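Enquirer: Pasting a structure below so you can have a look.
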Amino acid sequence: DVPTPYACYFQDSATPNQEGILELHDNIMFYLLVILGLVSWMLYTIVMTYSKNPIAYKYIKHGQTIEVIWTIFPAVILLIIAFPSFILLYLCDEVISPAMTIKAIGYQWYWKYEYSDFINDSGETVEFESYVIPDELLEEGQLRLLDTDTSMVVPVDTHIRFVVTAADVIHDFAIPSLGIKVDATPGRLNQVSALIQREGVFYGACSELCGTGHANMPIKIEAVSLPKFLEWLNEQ
Amino acid sequence: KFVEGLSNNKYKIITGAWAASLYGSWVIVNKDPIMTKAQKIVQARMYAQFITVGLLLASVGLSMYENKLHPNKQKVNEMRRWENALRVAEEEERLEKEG
Amino acid sequence: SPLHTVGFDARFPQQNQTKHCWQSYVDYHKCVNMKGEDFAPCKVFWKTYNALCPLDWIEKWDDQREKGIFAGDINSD
Amino acid sequence: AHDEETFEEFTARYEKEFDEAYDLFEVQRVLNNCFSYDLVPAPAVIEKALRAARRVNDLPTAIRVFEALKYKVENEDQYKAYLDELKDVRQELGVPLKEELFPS
Amino acid sequence: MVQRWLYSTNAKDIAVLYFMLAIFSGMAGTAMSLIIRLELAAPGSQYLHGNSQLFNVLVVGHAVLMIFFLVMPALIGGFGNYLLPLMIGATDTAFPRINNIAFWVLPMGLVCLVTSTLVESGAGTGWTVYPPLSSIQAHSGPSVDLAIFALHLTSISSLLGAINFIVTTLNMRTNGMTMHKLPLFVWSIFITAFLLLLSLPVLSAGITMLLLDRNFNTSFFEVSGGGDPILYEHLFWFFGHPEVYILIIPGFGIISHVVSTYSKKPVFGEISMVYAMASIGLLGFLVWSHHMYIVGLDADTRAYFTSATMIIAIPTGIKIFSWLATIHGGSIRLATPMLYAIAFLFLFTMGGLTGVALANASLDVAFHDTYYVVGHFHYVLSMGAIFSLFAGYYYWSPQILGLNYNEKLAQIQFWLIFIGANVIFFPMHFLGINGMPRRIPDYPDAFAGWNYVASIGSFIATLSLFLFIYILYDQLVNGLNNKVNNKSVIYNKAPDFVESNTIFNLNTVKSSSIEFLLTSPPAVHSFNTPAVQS
Amino acid sequence: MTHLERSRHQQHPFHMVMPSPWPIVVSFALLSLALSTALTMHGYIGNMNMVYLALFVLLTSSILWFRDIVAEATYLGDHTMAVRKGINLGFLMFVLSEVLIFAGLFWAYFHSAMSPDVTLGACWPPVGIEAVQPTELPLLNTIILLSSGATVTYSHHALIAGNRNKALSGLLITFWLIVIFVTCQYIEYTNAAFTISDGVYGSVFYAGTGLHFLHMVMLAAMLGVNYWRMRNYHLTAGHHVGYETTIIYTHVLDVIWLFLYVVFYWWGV
Amino acid sequence: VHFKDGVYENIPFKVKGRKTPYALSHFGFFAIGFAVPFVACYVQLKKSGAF
Amino acid sequence: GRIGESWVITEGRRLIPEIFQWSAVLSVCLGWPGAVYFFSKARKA
Amino acid sequence: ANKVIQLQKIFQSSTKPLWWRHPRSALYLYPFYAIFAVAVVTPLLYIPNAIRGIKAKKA
Ligand code: HEA
Ligand code: HEA
Ligand code: CUA
Ligand SMILES: [Cu+2]
Ligand SMILES: [Mg+2]
């Protein structure tokens with residue numbers, strides 16, 4: 001969810017998409033570390049046993065057997081690597097039957113979230129601009145530069161598909177915990193799906209250049225249970 | 001009655017005929033074994049573009065040969081799409097009410 | 001309990017949805033200008049554009065419709 | 001010829017290439033081209049190399065044959081069972097080895 | 001002397017000037033890298049107080065200056081201009097005034113790029129200068145216009161050098177060079193000069209479309225008005241991937257030559273290696289949108305591009321396997337360009353493996369505009385092209401300059417840049433997979449350790465370049481004394497085992513290309529007569 | 001012949017160019033042009049007088065460079081057959097680079113045309129913009145290029161043959177033919193319903209046709225230079241590489257005009 | 001005219017016969033090269049804030 | 001080979017001491033982030 | 001007007017450089033040197049006026 005000092009792994013799982021991305025990255029790294037180990041072992045063995053070699057086998061310049069095996073081995077490993085990424089790419093675009101929708105339109109150096117599925121029985125759509133808390137009005141426990149005074153809040157255990165766009169410079173809606181990253185270009189709406197499997201906060205940042213206020217542009221998504229979300233949406 | 005399907009693809013037939021025209025002009029002109037490669041290429045290109053822009057007006061005559069058979073297009077295909085867009089709304093909300 | 005929305009349209013399954021909002025908006029203004037001036041099950045289109053595309057786009061297109069400089073004209077007489 | 005060379009064609013080709021050399025550059029050149037192949041040559045090659053180094057009348061290339069061979073072989077049992085096969089040529093030609101010449 | 005350095009249509013005295021602007025601009029770009037990584041060392045507003053626009057200006061200056069004014073000159077311009085006529089036996093290149101105007105329109109691109117960072121605070125977009133971030137509404141001023149006029153001038157320089165190289169190795173070869181007998185660096189400069197004139201026209205068209213919708217009121221990417229900014233991403237990255245393949249292919253040529261000559265062995269299957277390099281060249285156009293997996297392409301075209309970037313990945317693999325095969329079984333003489341050649345293999349295999357981790361269009365949604373990407377390209381660009389650049393200089397400059405360097409200082413320079421650059425870009429992977437975005441002035445203070453470790457490394461990587469500057473000085477004022485007084489290495493190819501010293505002094509240089517047979521600093525008319533070959 | 005009067009020559013066919021001061025001057029002028037047109041686009045200098053003189057000094061330095069190359073090619077006499085094949089292949093690769101700029105412009109047209117945005121009315125051409133019909137003036141200035149190609153190819157094949165009165169007549173009438181093309185193209189520009197700012201359609205349309213417009217006015221300057229040095233007896237019967245260069249250029253300009261014309265005037269309306 | 005060749009007639013620097021030491025020119029070249037981004041930072045830090 | 005110490009033993013003797021130093025140089029060419037994390041205050045130092 | 005061999009006999013037989021070897025080449029290069037020096041030194045006095053930010057006096 002949130003980053004940790006001196007960490008060397010992913011911000012952990014919330015969505016089936018992020019679980020699939022974590023499993024796929026570990027499978028790809030498991031297939032890559034064999035190649036890295038044998039490349040480093042070949043380099044070490046060669047440069048520490050042929051440096052103290054006084055003659056050079058200069059009459060070895062081609063061999064077809066070992067040439068075609070080292071050109072057919074990376075094709076095999078790359079087919080095995082590309083075999084599950086097709087499954088993830090073709091399932092992470094499957095947005096059949098979501099529950100509710102969000103718009104996450106990003107202006108210059110803030111976001112503006114809006115819900116308009118009409119169960120708020122005041123009648124209207126609900127919007128809020130979601131400015132960063134400036135870093136002198138922090139009050140004794142608040143995470144620096146990625147906190148927000150007005151969070152987005154989503155429910156648990158419903159598929160939510162949110163579209164995203166801008167009104168200016170190309171932004172990016174990017175949370176690494178939910179595995180969601182999509183460029184908010186000002187011309188088109190871009191939709192991505194989510195199924196958040198546990199309550200709690202999730203932090204993210206803008207991951208496209210916006211100009212001066214690129215760092216002062218965070219995303220804070222609290223995921224609460226469905227009755228508390230219904231109460232919040234009716235009250236707000 | 002074939003004008004519908006092979007006049008929907010005008011600018012595929014024109015481009016394929018241009019490529020085949022340059023090929024069938026080049027294989028004719030290169031059989032003369034006296035000239036430079038460049039003169040053969042530019043003569044083949046000239047013959048090809050002449051027959052291609054000559055066919056571009058034949059397709060205009062064919063285009064109004066299609067236009068009498070289908071009057072005032074681009075605007076009544078839009079309303080066929082609109083009828084298929086209204087049926088998909090009524091079929092859906094009637095089962096939303098009784099489902 | 002309920003949280004229903006537009007579901008999944010078969011015409012626009014891609015990642016972009018700008019044509020989906022623009023077509024739903026122009027077809028709302030094509031239903032309620034043509035068959036009957038307001039009484040319908042073409043509130044589906046209203047639900048769809050008001051769910052999908054943002055308020056600045058809706059305000060810009062409605063002021064363009066008022067001034068008459070709308071892009072895809074809505075069969076108005 | 002990029003087709004492979006069998007051992008008999010190897011030793012016949014190189015014996016007829018050690019017989020023809022006349023200068024010192026030629027003997028050291030064909031000795032380097034014989035040793036920088038993959039196999040170690042049979043002593044039918046190397047006693048002819050010793051004779052071809054005797055024909056040019058210089059000593060240390062009739063010693064570096066033996067040290068290059070000690071670098072060539074896989075252990076020292078092969079080296080000892082090799083060196084007792086070139087005993088009398090080393091005797092009547094009078095060349096030394098390295099380990100007895102430079103004791104260290 | 002004015003007609004020998006200002007008019008100077010001779011391809012030997014243009015390459016020295018190329019190298020002088022290369023070392024000047026590389027010093028400026030690494031000053032910018034030092035300032036960036038010095039400001040990012042700790043959370044909270046460091047040395048430049050506030051002022052994120054200045055940091056954006058500094059990072060676009062570092063990126064575009066060190067790409068288009070150090071690596072592309074000191075690999076294409078300098079090394080091709082000095083060596084491509086000197087390996088195929090041309091007396092010097094065809095169209096000589098064309099590669100004089102290429103050099104002389106480089107530093108005016110440099111001076112307009114320098115004065116672009118002073119007027120109206122400045123162009124900050126990053127080197128991939130995007131709309132509507134750079135259109136006149138969100139970025140006003142004459143700054144980014146001068147910043148892309150620099151790209152127009154550098155684009156013109158590299159294309160003129162490309163046409164020059166292509167014709168001068170398609171016609172003026174020597175007597176016996178057939179269509180496949182050239183040394184592999186000639187083939188690298190060949191294929192790179194093809195990719196230049198097949199790629200950068202699209203770049204210059206896209207960025208002049210950016211200029212005339214900035215100032216001439218057109219609407220190519222101004223979206224309220226018809227256009228779309230996705231068309232710039234297409235039109236830019238159609239050059240943007242062939243640009244780095246252009247920057248890395250002469251690196252492959254240099255590394256092939258130095259591992260061929262420092263292991264006393266020919267390269268394992270030179271014909272298959274040049275087929276792999278040429279297929280990498282003709283295949284590097286078909287994968288241009290692996291930098292655009294996020295913007296909203298379909299899953300079908302994303303599936304195509306994540307299929308095709310792995311077939312991009314395979315011939316680089318067979319090239320690295322042939323490099324391991326040609327250093328296997330050798331007689332490896334560990335001098336200072338051979339050390340850089342050995343380090344390049346490991347430090348580029350590492351970046352290529354994390355590159356194919358990036359190449360999955362599935363996996364790019366967790367890694368885009370994130371310091372994992374910086375860890376990948378600051379491996380395969382930095383360590384790749386510049387370890388090949390150092391293995392070009394430390395291997396060729398005793399022949400070109402005619403002054404032998406110091407050897408122990410060269411080895412402490414190699415180990416200092418190796419350690420002090422491996423400590424920078426390795427924590428960038430942990431910063432990436434923990435969630436740090438790119439181009440931030442600084443960050444939420446969770447990941448406060450790896451930035452400090454990278455900043456304590458960048459000072460080592462700068463001190464090694466200061467020692468490289470002292471290596472240049474010690475080579476320039478103590479060349480003959482390093483020839484005589486036993487501080488250097490003199491013979492790069494050692495005598496073989498059974499060869500005497502009196503026999504090594506007959507055949508001193510056992511080369512396979514022409515360049516190590518010309519005398520130190522070579523004559524201005526080297527090939528009076530052609531250089532025959534069978 | 002004698003060795004003594006064989007070693008008094010070049011010993012290889014390739015060109016050895018004396019040090020000439022026209023990379024440095026035209027590079028100076030290119031820098032001044034770039035900075036002055038980056039400086040006057042924002043109102044820092046008052047008028048366009050300085051970008052005018054910068055463009056003029058670039059033009060006159062490059063025409064002095066071409067003066068130096070025609071003097072070296074036909075007076076000092078170094079362009080032998082190896083150097084001739086070299087400069088021929090160099091011009092072929094330069095024009096292969098120009099057609100890729102044209103391909104980038106066609107990529108822009110196709111990408112914004114076959115997927116039209118929702119602010120254009122979702123139809124190509126957009127709403128309200130009266131598109132140019134392809135059959136009135138486009139038909140004249142697409143048949144005039146074919147007639148220009150036919151007369152420049154018979155002027156070429158009369159130059160190889162030996163007659164002067166035919167090989168000069170073809171060059172004169174192809175010069176006046178394509179300048180009649182350029183003038184009626186300007187006539188087409190000065191009464192058209194959309195400008196370069198009116199939407200994306202006018203933008204990419206005027207970008208493509210204006211780049212072809214500037215390319216053929218540069219071709220007309222090239223052909224005027226070639227007619228001058230054909231009248232002044234520079235062009236021979238077997239050493240006309242600077243004329244084969246421009247006929248290759250005008251034939252590829254004709255075919256890229258027909259591509260531009262078809263997909264800019266028939267499919268795009 | 002073929003320009004005459006030597007060990008120090010291939011570079012624009014004159015090294016052996018001078019009046020000033022070579023270290024002055026050789027380190028001032030990279031001094032101005034290393035100090036052009038510092039003067040860019042100074043002219044950008046006096047235009048907006050302080051310094 | 002045929003006569004001598006066997007090739008399995010005479011190449012195991014050459015390569016088995018090489019595996020441990022390869023593991024050392026790889027564990028200190030990729031494992032120094034562990035050594036810099038070990039002394040910092042995040043490990044309650 | 002068939003004046004190519006006289007120009008060749010002049011151009012081969014001189015010591016002056018190529019861009020100064022013609023008879024009428026004094027009228028082509030002195031005004032060029034003047035206008036080129038003016039046209040390239042003139043934006044380098046307008047660049048500090050742009051660095052200071054002071055625009056023109058137009059309208
Ligand atoms: C040429 C490519 C290149 C190289 C070598 C480098 C090397 C360095 N770079 Fe980077 N960098 C980029 C190109 C490069 N960079 C690009 C394209 C971006 C993206 C910008 C964006 O997207 O916004 C970027 C971004 C970038 C970031 C990420 C910032 C961010 O976007 O958030 C950082 C942070 O550390 C950085 C700093 C450094 C430092 C300290 C080095 C150090 O390694 C520098 C030390 C290097 C040397 C010491 C090399 C030797 C120098 C010589 C001059 C040798 C001379 C020899 C010869 C001429 C033969 N640059
Ligand atoms: C020098 C130019 C250069 C080179 C050569 C590469 C090499 C590669 N790169 Fe990289 N890359 C960049 C320049 C380059 N890159 C730049 C400039 C960016 C940042 C752009 C920005 O600003 O956004 C970037 C970032 C980047 C992205 C964009 C991600 C993003 O921004 O969202 C991608 C996407 O696919 C990528 C992938 C690859 C791959 C697969 C290779 C391959 O070519 C690597 C090939 C090497 C190997 C594969 C290893 C050796 C092979 C073996 C050991 C055999 C076994 C291997 C296998 C079986 C796989 N890198
Ligand atoms: Cu919004 Cu960065
Ligand atoms: Cu790429
Ligand atoms: Mg991006």
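Letters A, B, ... mark the chains of the structure tokens in the order given; residue numbers begin at 1 per chain; ligand numbers begin at 1, in order shown.
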For residue I:37, list every protein, DNA or RNA residue within 12 Å, evaluated using only C-alpha atoms, and leave out those in the same chain fewer than 2 positions away; present the list as a PyMOL selection string.
Expert: (chain F and resi 25-26+28-29+32+53-54+57) or (chain I and resi 29-35+39-44)
Enquirer: Write the residues you've just listed into a file as a tab-separated table (two decimals), in the first residue's frame, and include C-alpha atoms for each of them.
Expert:
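This went into out.tsv:
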```tsv
chain	number	residue	atom	x	y	z
F	25	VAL	CA	30.11	30.11	-43.17
F	26	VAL	CA	26.84	28.32	-43.94
F	28	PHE	CA	27.35	30.32	-38.99
F	29	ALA	CA	24.39	31.43	-41.09
F	32	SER	CA	22.07	32.95	-36.90
F	53	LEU	CA	18.81	38.88	-43.90
F	54	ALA	CA	19.64	35.61	-42.10
F	57	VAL	CA	22.88	35.13	-46.18
I	29	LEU	CA	32.80	37.93	-52.17
I	30	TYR	CA	33.52	41.39	-50.71
I	31	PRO	CA	29.82	42.36	-50.22
I	32	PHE	CA	29.19	38.80	-49.09
I	33	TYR	CA	31.86	39.13	-46.39
I	34	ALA	CA	30.33	42.44	-45.27
I	35	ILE	CA	26.71	41.25	-45.10
I	39	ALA	CA	24.12	39.12	-40.26
I	40	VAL	CA	25.89	36.72	-37.90
I	41	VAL	CA	27.27	39.16	-35.30
I	42	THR	CA	23.88	40.89	-34.94
I	43	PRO	CA	21.84	38.38	-32.80
I	44	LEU	CA	24.62	38.13	-30.23
```
Enquirer: Can you tell me which residues sit at most 6 Å away from ligand 1, counting only C-alpha atoms and all ligand atoms, written as number ranges by chain?
Expert: E: 22-23, 26-27, 30, 33-34, 36-37, 59-60, 63, 66-67, 71, 74, 126-127, 374, 378, 381-382, 389-390, 393, 438-440, 458, 461-462, 465
Enquirer: Taking only C-alpha atoms and all ligand atoms into account, list the residues no farther than 7 Å from ligand 2, as an MDAnalysis selection string.
Expert: (chainID A and resid 35:36 39 74:75 77:78) or (chainID E and resid 128 241 243:245 247:248 290:293 309:310 312:314 316:318 320 348:353 355:356 358:360 364 367:369 373:374 376:377 380:381)
Enquirer: Give me the residues of chain E that have any atom at most 12 Å from an atom of chain D; for each, the nearest atom pair and the distance in Å, rounded to one decimal. Use only C-alpha atoms, sort by chain and number, and format it as JSON lines.
Expert:
```
{"residue": "E:264", "atom": "CA", "partner": "D:36", "partner_atom": "CA", "distance": 10.8}
{"residue": "E:265", "atom": "CA", "partner": "D:36", "partner_atom": "CA", "distance": 10.7}
{"residue": "E:329", "atom": "CA", "partner": "D:38", "partner_atom": "CA", "distance": 9.8}
{"residue": "E:330", "atom": "CA", "partner": "D:36", "partner_atom": "CA", "distance": 10.1}
{"residue": "E:331", "atom": "CA", "partner": "D:36", "partner_atom": "CA", "distance": 10.7}
{"residue": "E:495", "atom": "CA", "partner": "D:32", "partner_atom": "CA", "distance": 11.1}
{"residue": "E:496", "atom": "CA", "partner": "D:32", "partner_atom": "CA", "distance": 7.8}
{"residue": "E:497", "atom": "CA", "partner": "D:68", "partner_atom": "CA", "distance": 7.5}
{"residue": "E:498", "atom": "CA", "partner": "D:64", "partner_atom": "CA", "distance": 6.2}
{"residue": "E:499", "atom": "CA", "partner": "D:28", "partner_atom": "CA", "distance": 6.0}
{"residue": "E:500", "atom": "CA", "partner": "D:28", "partner_atom": "CA", "distance": 8.3}
{"residue": "E:501", "atom": "CA", "partner": "D:25", "partner_atom": "CA", "distance": 11.5}
{"residue": "E:502", "atom": "CA", "partner": "D:25", "partner_atom": "CA", "distance": 10.0}
{"residue": "E:503", "atom": "CA", "partner": "D:25", "partner_atom": "CA", "distance": 6.8}
{"residue": "E:504", "atom": "CA", "partner": "D:25", "partner_atom": "CA", "distance": 9.7}
{"residue": "E:505", "atom": "CA", "partner": "D:25", "partner_atom": "CA", "distance": 11.5}
{"residue": "E:506", "atom": "CA", "partner": "D:25", "partner_atom": "CA", "distance": 9.4}
{"residue": "E:507", "atom": "CA", "partner": "D:25", "partner_atom": "CA", "distance": 10.1}
```
Enquirer: With a distance cut-off of 12 Å and only C-alpha atoms, select the neighbouring residues of stretch 214-223 of chain F, excluding the residue or stretch itself and same-chain residues fewer than 4 positions from it, and output the selection as a PyMOL selection string.
Expert: chain F and resi 59+63+66+95+98-99+101-102+145+148+152+168+170-183+185-186+206-210+227-230+242-254+256-257
Enquirer: List the neighbours of residue F:259 out to 10 Å using only C-alpha atoms; skip same-chain residues closer than 5 positions along the sequence, and give me the result as a list in words.
Expert: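 Selected residues are residues 15 and 49 of chain B; 106, 253, 254, 264 and 265 of chain F.
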Enquirer: Can you work out which one of E:463, E:40, E:308, E:446 has the shortest atom-to-atom distance to ligand 4, counting only C-alpha atoms and all ligand atoms?
Expert: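 Of all the options, E:308 lies closest to ligand 4.
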Enquirer: Can you pull out every residue within 10 Å of residue E:300, counting only C-alpha atoms, but drop anything in the same chain fewer than 6 positions away, and send it as a list in words?
Expert: residues 86, 89 and 90 of chain A; 14 of chain C; 306 of chain E
Enquirer: Please provide as a ChimeraX atom specification all residues within 12 Å of residue D:48, with the sequence filter that same-chain residues fewer than 4 positions apart are discarded (counting only C-alpha atoms).
Expert: /D:11-12,14-21,27,30-31,41-44,52-55,62,65,86,89
Enquirer: What do you get as a PyMOL selection string if you pick all residues at most 9 Å from ligand 3, counting only C-alpha atoms and all ligand atoms?
Expert: (chain A and resi 106-111+166+169-173+184+205-218) or (chain E and resi 439-440)
Enquirer: Okay, now the selection with N, CA, C and O atoms, as a JSON list (two decimals), in the first residue's frame?
Expert:
```json
[["chain", "number", "residue", "atom", "x", "y", "z"],
["A", 106, "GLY", "N", -7.83, 15.00, -14.02],
["A", 106, "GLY", "CA", -6.67, 15.61, -13.40],
["A", 106, "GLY", "C", -6.29, 16.96, -13.95],
["A", 106, "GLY", "O", -5.94, 17.08, -15.13],
["A", 107, "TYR", "N", -6.35, 18.00, -13.12],
["A", 107, "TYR", "CA", -6.06, 19.35, -13.58],
["A", 107, "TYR", "C", -4.58, 19.65, -13.34],
["A", 107, "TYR", "O", -3.77, 18.75, -13.13],
["A", 108, "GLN", "N", -4.23, 20.93, -13.39],
["A", 108, "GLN", "CA", -2.86, 21.35, -13.13],
["A", 108, "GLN", "C", -2.57, 21.24, -11.64],
["A", 108, "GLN", "O", -3.04, 22.04, -10.84],
["A", 109, "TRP", "N", -1.82, 20.19, -11.29],
["A", 109, "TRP", "CA", -1.21, 19.98, -9.98],
["A", 109, "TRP", "C", -2.25, 19.73, -8.89],
["A", 109, "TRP", "O", -2.02, 20.06, -7.72],
["A", 110, "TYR", "N", -3.38, 19.15, -9.28],
["A", 110, "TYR", "CA", -4.31, 18.49, -8.38],
["A", 110, "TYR", "C", -5.18, 17.54, -9.20],
["A", 110, "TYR", "O", -5.18, 17.57, -10.43],
["A", 111, "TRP", "N", -5.93, 16.71, -8.49],
["A", 111, "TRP", "CA", -6.93, 15.85, -9.09],
["A", 111, "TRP", "C", -8.32, 16.32, -8.69],
["A", 111, "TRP", "O", -8.49, 17.04, -7.71],
["A", 166, "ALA", "N", -7.82, 14.50, -18.59],
["A", 166, "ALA", "CA", -7.27, 15.72, -18.02],
["A", 166, "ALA", "C", -7.98, 16.91, -18.66],
["A", 166, "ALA", "O", -8.90, 16.75, -19.47],
["A", 169, "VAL", "N", -2.05, 19.49, -19.73],
["A", 169, "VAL", "CA", -0.90, 18.58, -19.79],
["A", 169, "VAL", "C", -1.25, 17.14, -19.43],
["A", 169, "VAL", "O", -2.07, 16.90, -18.53],
["A", 170, "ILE", "N", -0.65, 16.18, -20.14],
["A", 170, "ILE", "CA", -0.90, 14.76, -19.93],
["A", 170, "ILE", "C", -0.44, 14.34, -18.54],
["A", 170, "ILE", "O", 0.74, 14.43, -18.20],
["A", 171, "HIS", "N", -1.38, 13.86, -17.73],
["A", 171, "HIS", "CA", -1.07, 13.35, -16.41],
["A", 171, "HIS", "C", -1.06, 11.83, -16.46],
["A", 171, "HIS", "O", -1.17, 11.22, -17.53],
["A", 172, "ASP", "N", -0.97, 11.19, -15.30],
["A", 172, "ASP", "CA", -1.10, 9.74, -15.24],
["A", 172, "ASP", "C", -1.76, 9.42, -13.91],
["A", 172, "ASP", "O", -1.33, 9.91, -12.87],
["A", 173, "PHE", "N", -2.82, 8.60, -13.95],
["A", 173, "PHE", "CA", -3.39, 8.04, -12.73],
["A", 173, "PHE", "C", -2.63, 6.76, -12.43],
["A", 173, "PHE", "O", -2.73, 5.79, -13.19],
["A", 184, "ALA", "N", -3.54, 9.89, -18.39],
["A", 184, "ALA", "CA", -4.67, 10.78, -18.58],
["A", 184, "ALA", "C", -4.25, 11.83, -19.60],
["A", 184, "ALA", "O", -3.71, 12.88, -19.25],
["A", 205, "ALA", "N", 1.13, 8.30, -6.96],
["A", 205, "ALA", "CA", 1.61, 9.60, -7.40],
["A", 205, "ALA", "C", 1.34, 9.76, -8.89],
["A", 205, "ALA", "O", 1.06, 8.79, -9.60],
["A", 206, "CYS", "N", 1.40, 11.00, -9.34],
["A", 206, "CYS", "CA", 1.37, 11.28, -10.77],
["A", 206, "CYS", "C", 2.66, 10.77, -11.40],
["A", 206, "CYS", "O", 3.75, 11.03, -10.89],
["A", 207, "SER", "N", 2.54, 10.01, -12.50],
["A", 207, "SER", "CA", 3.71, 9.41, -13.13],
["A", 207, "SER", "C", 3.76, 9.80, -14.60],
["A", 207, "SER", "O", 3.96, 8.98, -15.49],
["A", 208, "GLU", "N", 3.55, 11.09, -14.84],
["A", 208, "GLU", "CA", 3.87, 11.75, -16.09],
["A", 208, "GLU", "C", 4.17, 13.20, -15.74],
["A", 208, "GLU", "O", 3.65, 13.73, -14.76],
["A", 209, "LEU", "N", 5.04, 13.83, -16.54],
["A", 209, "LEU", "CA", 5.49, 15.17, -16.21],
["A", 209, "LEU", "C", 4.39, 16.18, -16.47],
["A", 209, "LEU", "O", 3.78, 16.21, -17.54],
["A", 210, "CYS", "N", 4.12, 17.01, -15.46],
["A", 210, "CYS", "CA", 3.11, 18.05, -15.55],
["A", 210, "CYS", "C", 3.69, 19.45, -15.52],
["A", 210, "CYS", "O", 2.97, 20.40, -15.85],
["A", 211, "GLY", "N", 4.95, 19.60, -15.14],
["A", 211, "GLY", "CA", 5.56, 20.91, -15.09],
["A", 211, "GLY", "C", 6.19, 21.23, -13.76],
["A", 211, "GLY", "O", 7.06, 20.50, -13.29],
["A", 212, "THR", "N", 5.75, 22.32, -13.13],
["A", 212, "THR", "CA", 6.32, 22.73, -11.86],
["A", 212, "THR", "C", 5.81, 21.85, -10.72],
["A", 212, "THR", "O", 6.59, 21.34, -9.91],
["A", 213, "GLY", "N", 4.49, 21.66, -10.65],
["A", 213, "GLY", "CA", 3.91, 20.90, -9.57],
["A", 213, "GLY", "C", 3.72, 19.43, -9.87],
["A", 213, "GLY", "O", 2.62, 18.90, -9.71],
["A", 214, "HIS", "N", 4.78, 18.77, -10.31],
["A", 214, "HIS", "CA", 4.68, 17.33, -10.56],
["A", 214, "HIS", "C", 4.79, 16.53, -9.28],
["A", 214, "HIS", "O", 4.10, 15.51, -9.13],
["A", 215, "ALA", "N", 5.65, 16.94, -8.35],
["A", 215, "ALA", "CA", 5.79, 16.22, -7.09],
["A", 215, "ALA", "C", 4.60, 16.47, -6.17],
["A", 215, "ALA", "O", 4.22, 15.59, -5.40],
["A", 216, "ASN", "N", 4.02, 17.66, -6.24],
["A", 216, "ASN", "CA", 2.92, 18.05, -5.35],
["A", 216, "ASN", "C", 1.57, 17.65, -5.95],
["A", 216, "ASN", "O", 0.66, 18.46, -6.08],
["A", 217, "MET", "N", 1.45, 16.36, -6.29],
["A", 217, "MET", "CA", 0.28, 15.85, -7.00],
["A", 217, "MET", "C", 0.07, 14.38, -6.68],
["A", 217, "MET", "O", 0.34, 13.50, -7.51],
["A", 218, "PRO", "N", -0.42, 14.06, -5.47],
["A", 218, "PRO", "CA", -0.57, 12.65, -5.09],
["A", 218, "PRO", "C", -1.96, 12.08, -5.33],
["A", 218, "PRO", "O", -2.88, 12.80, -5.73],
["E", 439, "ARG", "N", 11.26, 12.04, -12.78],
["E", 439, "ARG", "CA", 11.29, 13.49, -12.97],
["E", 439, "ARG", "C", 10.72, 14.27, -11.80],
["E", 439, "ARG", "O", 10.28, 15.41, -11.97],
["E", 440, "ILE", "N", 10.71, 13.70, -10.60],
["E", 440, "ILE", "CA", 10.27, 14.45, -9.43],
["E", 440, "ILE", "C", 11.48, 15.20, -8.88],
["E", 440, "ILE", "O", 12.60, 14.67, -8.95]]
```
Enquirer: Provide the atom CA of residue A:50 to atom CA of residue D:10 distance in Å, to one decimal place.
Expert: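 A separation of 25.3 Å between them.
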Enquirer: For the atom pair atom CA of residue F:122 and atom CA of residue C:64, what is the interatomic distance in Å to one decimal place?
Expert: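 Answer for the atom CA of residue F:122 to atom CA of residue C:64 separation: 15.6 Å.
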